[PDB]
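Listed below, chain by chain, are the residues.
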Amino acid sequence: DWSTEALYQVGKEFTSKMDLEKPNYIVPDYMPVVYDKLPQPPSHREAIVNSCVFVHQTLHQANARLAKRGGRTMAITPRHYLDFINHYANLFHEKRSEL
Amino acid sequence: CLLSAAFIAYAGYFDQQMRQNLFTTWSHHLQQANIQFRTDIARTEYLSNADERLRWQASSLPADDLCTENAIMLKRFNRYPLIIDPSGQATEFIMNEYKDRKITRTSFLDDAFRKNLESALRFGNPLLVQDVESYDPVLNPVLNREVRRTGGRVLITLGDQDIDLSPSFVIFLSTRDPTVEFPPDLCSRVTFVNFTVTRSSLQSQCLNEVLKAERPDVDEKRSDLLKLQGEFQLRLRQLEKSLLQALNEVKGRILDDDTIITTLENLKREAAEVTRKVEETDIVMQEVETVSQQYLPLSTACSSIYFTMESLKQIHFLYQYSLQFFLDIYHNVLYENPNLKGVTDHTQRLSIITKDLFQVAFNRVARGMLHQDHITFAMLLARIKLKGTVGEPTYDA
Amino acid sequence: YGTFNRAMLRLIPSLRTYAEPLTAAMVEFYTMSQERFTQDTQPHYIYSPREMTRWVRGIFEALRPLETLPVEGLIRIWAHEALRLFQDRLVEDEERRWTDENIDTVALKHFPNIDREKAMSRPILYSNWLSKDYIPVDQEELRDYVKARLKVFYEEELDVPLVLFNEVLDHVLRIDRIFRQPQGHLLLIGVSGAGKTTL
Ligand SMILES: Nc1ncnc2c1ncn2[C@@H]1O[C@H](COP(=O)(O)OP(=O)(O)O)[C@@H](O)[C@H]1O
């Protein structure tokens, strides 16, 4: 299955055409989800990608915990991550367009 | 948008409580990383509109928030959904929503399932396929959304032959047994939406219904606060554009000035209240939160008693009870209570409702029970009440 | 395999002296690989002398057109074959590491007078695309070549974008290596959607 750095790279590449704000963005990140993060304080785009891969990791953790408490869990695949990225792109474009 | 997309793509198979846990975990992480996202976002409202919600309600959809989230998922999906529905309400809603687009109904065990498939595929007809346990692998090229381009067409390889995709072929897979598992390959290519009721979902349903019946003023006030996000803001846009239309139509006829002044005053007044509504956005929340907390024990008792009734099957095969049965019991004790007339206190009515709920549930259940297990059901009800009541040790040991 | 190693290193006399150390290191690692990774952990953790035969065969194929190779190159080929034979099928990262440190320490123990070129070149990627023969290649050159090939392939067929992260490059190299030999039957096992059919 895809590792954390693969998830970060694919999120970075597919969210490239997302014209993200990149504002001043104070960075009290302190989140070592990916160890190849920029030592200098990451921009808004990279923080969003890190949050995306963190959401995927949290879904995996939730599935593990649910399986612990009596199963009834369904597998999550990289296709789920791709669908999530596509939903992010489409919804962000739609929301920005109407605003 | 990131939170909404995460909710849409990932959540859908989990129940209400687990969805809330995932949402609050993502929100806590996002606010920790100083990512600017609006707090207390109603994902039910942020992803839909008032007209769509009322159309869903009029097209045989339950008023539960879980059902509205499921409808949102059924509207904003990149992978065709797999509706898990122990009841039949979701299928009724999906037919009622796509009736104008001649939605064809079929099943995986239908001998003419294939013919019905390219029949809808050719003409872009939405297709509802049920009984997905006996899944047909022939849908694999369809679910993967693979397309081939030839001469300006879009062809799909439905078997050895090729069929054009057509503009809009939206298929809806569904089943009826919640306790079914699928191989991960099918699970990866399908959007999971679950209509199964659980403890948290029924607790939310009961809390919403009791807030609708008792204390309607708080219920609408919470509705006004929820609609404060986009509904009023969008609603006044129509008045502003109508003001623009009136200004261009009149061409500066100040002679009938009062006329325009009329709507001008409107654009004043409905503005202020909206701005006014912004001010008490916070203070109303603690009031609604306290009112909901007041009625929480009744909802927890309702969920516990319903699930005890459902699990009563294991003592005897004769003890079969449906969710509609408990809903009927709740509606009878809430709207047809002889003891509730002539008393208006908003704190004694709740106690009377709880006592009569327990009593009428016992009366309606024990009549279909042998006279050797009434004591068991009464003991379970007493234990549930003891857990629910406040001020007493649980005596777990 | 002592006889096989001596016959294999006849391609150049500068490597024959290391035939016995190479055989000893090859057997030692295998024994360790057979000591761990038992059957009762995963249903496909078997390690027969067939692995050794595939090992010496792959090394011989790599050395067939190459000539005047230093000892470090031979150790690099040996390590690459060991990685491609004894850790491709591992299912957890901890065992992948265990294999990495164990191959490193076996090579260090049986070759204490060699450079550590393989240590810096940890990826250990061999390909025959940039060069005619089977020469090890750099990560970035391989990534650029695969990017150009993907740019061509997008319009060629299956216009679906892909991202080139390192695991994709490693898997592409492995599948190409298997496809080269005229018996290659592949069994890609993994989570559905990770990129088996596409790659
Ligand atoms: N390296 C990659 N980069 C980007 N997307 C990928 C990659 N590998 C696979 N995918 C995605 O996976 C989908 C196809 O998955 P597939 O290869 O059929 O999985 P499986 O082989 O497990 O069935 C494609 O839509 C593609 O977007």
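Cut-offs used in this document
Residues numbered from 1 in each chain as written, not as in the entry; some residues may be left out. Chains lettered and ligands numbered in written order. Part of a larger assembly, values for the part shown. Heavy atoms only, no water. Near = heavy atom within 4 Å. Polar contact = N/O pair within 3.5 Å; in protein donor to acceptor, adjacent residues only side chain to side chain. Areas by Shrake-Rupley, 256 points an atom, 1.4 Å probe, with all protein chains shown as cover. Nonpolar A, V, L, I, M, F, W, Y, C, P; charged D, E, K, R; others polar. Axes fitted to C-alpha atoms, helices over the stretch in contact; angles between N-to-C directions. Helix = DSSP H or I, 4+ residues; strand = E, 2+ residues; numbered from the N terminus. Parallel < 35°, antiparallel > 145°, perpendicular 65-115°, else oblique. Left-handed = near helix turned anticlockwise from the far one by under 90°. Contact = heavy atoms within 4.5 Å. Pairing = 2+ DSSP bridges. Buried area = accessible area lost by both parts, 1.4 Å probe. Salt bridge = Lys/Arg side-chain N within 4 Å of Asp/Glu carboxyl O. Buried < 20%, exposed > 50% of the residue type's maximum accessible area, 1.4 Å probe, protein only. Core = buried A, V, L, I, M, F, W, Y, C linked by side-chain atoms within 4.5 Å. Patch = residues over 30% accessible without salt bridge, like charges linked within 9 Å, V, L, I, M, F, W, Y side chains within 5 Å. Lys, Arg positive; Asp, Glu negative; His and termini not counted. Charge placed at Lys NZ, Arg CZ, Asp CG, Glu CD. Arc of directions from axis to C-beta.

Notes on the site of the ligand
- Taken together, 17 residues lie around the ligand, and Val-163, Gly-193, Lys-196, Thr-197 and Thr-198 of chain C are the ones closest in.
- More than one chain reaches the ligand: the nearby residues come from chains A and C.
- Between a nitrogen atom of the ligand and a main-chain N or O atom of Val-163 of chain C, the distance comes to 2.9 Å.
- Within the side chain of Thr-198 of chain C, one N or O atom sits 2.6 Å away from an oxygen atom of the ligand.
- The fraction of the free accessible surface of the ligand (560 Å²) that becomes covered by protein chains is 85%.
- Classifying every residue of the shell around the ligand by side-chain character gives ten nonpolar, five polar and two charged.

Notes on the packing of helix α14 (residues 281-311) of chain B against helix α15 (residues 323-335) of chain B
Residue and element names in this part refer to chain B.
- Where α14 meets α15, the axes come as close as 10 Å, and the angle between the chain directions of the two elements is 140 degrees. Put simply, α14 runs oblique to α15. Relative to α15, the crossing made by α14 is right-handed. Between α14 and α15, the residues in contact are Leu-298, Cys-302, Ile-305, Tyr-306 and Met-309 and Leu-323, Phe-325, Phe-326 and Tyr-330, respectively.
- Tallied by class, residues from the contact of α14 with α15 come to nine nonpolar, no polar and no charged.

Considerations on the sheet that holds strand β5 (residues 153-156) of chain B
All names here are of chain B.
- With antiparallel pairing, the three strands of this open sheet are ordered in space as β4-β5-β6. The two strands at the open ends of the sheet, each matched to only one other strand, are β4 (148-150) and β6 (163-164).
- Where β4 and β5 come together, three bridges link them in antiparallel fashion. Bridge pairing links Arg-148 to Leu-155 in β5.

Thoughts on the interface of chain B and chain A
- Listed by partner, the interface residues are 38 residues for chain B and 37 residues for chain A.
- Buried surface at the junction of chain B and chain A, both sides included, amounts to about 3400 Å², of which 65% is carbon and sulfur.
- The largest contributions to the chain B side of the interface with chain A come from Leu-2, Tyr-10 and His-29 of chain B, which together make up 21% of the buried area.
- At the boundary of chain B with chain A, the tally comes to two salt bridges.
- Across the pair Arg-79 of chain B and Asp-83 of chain A runs a salt bridge, and its minimum N-O distance is 2.7 Å.
- Inspection of the region where chain B meets chain A yields 14 residue pairs in polar contact.
- Those elements that place two or more of their residues in the side of chain B that touches chain A are α1 (2-9), α2 (16-32), α9 (184-188) and β8 (191-194) of chain B.
- The biggest single contributor to the side of chain B that touches chain A is α2 of chain B, with seven residues.
- Classifying every residue of the side of chain B that touches chain A by side-chain character gives 24 nonpolar, ten polar and four charged.

Here's the deal with the interface of chain A and chain C
- Of the residues lining the interface, twelve residues belong to chain A; the matching set on chain C comes to nine residues.
- Both sides of the chain A and chain C interface together cover about 920 Å² of buried area, and 65% of this is carbon and sulfur.
- Among the residues chain A hides against chain C, the three largest losses belong to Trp-2, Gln-9 and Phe-14 of chain A. Together they make up 38% of the total.
- The tally of links between chain A and chain C comes to zero salt bridges.
- On the surface where chain A and chain C come into contact, there are two residue pairs in polar contact.
- Considering every element that reaches the side of chain A that touches chain C, the biggest residue donor is helix α1 (residues 4-14) of chain A, with five residues.

Focus: the environment of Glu-61 of chain C
Residues and elements named next belong to chain C.
- Tracing the backbone shows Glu-61 in helix α3 (residues 49-63).
- For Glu-61, a relative accessible area of 40% puts it in the partly exposed group.
- The spatial distance from the C-alpha of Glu-61 to the C-alpha of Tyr-134 is 8.8 Å, given a sequence separation of 73 residues.

Here's the deal with the nonpolar core
- Ranked by size, the top nonpolar core spans 108 residues in total, and within it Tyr-81 and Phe-84 of chain A together with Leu-139, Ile-171, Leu-173 and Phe-182 of chain B carry the most contacts.
- If one sorts the elements of this core by residue count, helix α2 (residues 44-68) of chain A sits on top with nine residues.
- What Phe-182 of chain B contacts, discounting residues up to four positions off in sequence, is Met-74 of chain A together with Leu-82, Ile-84, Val-132, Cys-187 and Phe-192 of chain B.

What about a negative patch on the surface?
- A cluster of like negative charges, contributed by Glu-155, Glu-156, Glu-157 and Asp-159 of chain C, occupies part of the molecular surface.
- Inspection of the secondary structure assignment puts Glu-157 of chain C in the loop between α7 (139-156) and α8 (166-180).

A few points about helix α4 (residues 50-58) of chain B
All names here are of chain B.
- Within the sequence span of α4, burial applies to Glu-52, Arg-53 and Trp-56. For α4, the angular spread of buried residues about the axis comes to 100 degrees, placing them on one side. For α4, the exposed residues set more than 90 degrees away from the buried face come down to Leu-54 and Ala-58.
- Of the surrounding elements, those touching the buried residues of α4 are α3 (43-46), α5 (65-75), α6 (89-97), α11 (216-227) and α12 (231-250).
- The positive-phi residue at the C-terminal boundary of α4 is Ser-60, with phi of around 60 degrees.

Here we look at the packing of α2 of chain A against helix α3 (residues 78-98) of chain A
Residues and elements named next belong to chain A.
- Between α2 and α3, the least distance of the axes is 11 Å, while the angle of their chain directions is 140 degrees. The pairing of α2 with α3 is recorded here as oblique in orientation. With respect to the hand of their crossing, α2 and α3 are arranged in right-handed fashion. Packed against α2, whose contacting residues are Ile-48, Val-49, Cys-52, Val-53 and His-56, the element α3 presents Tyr-81, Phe-84, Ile-85 and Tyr-88 at the interface.

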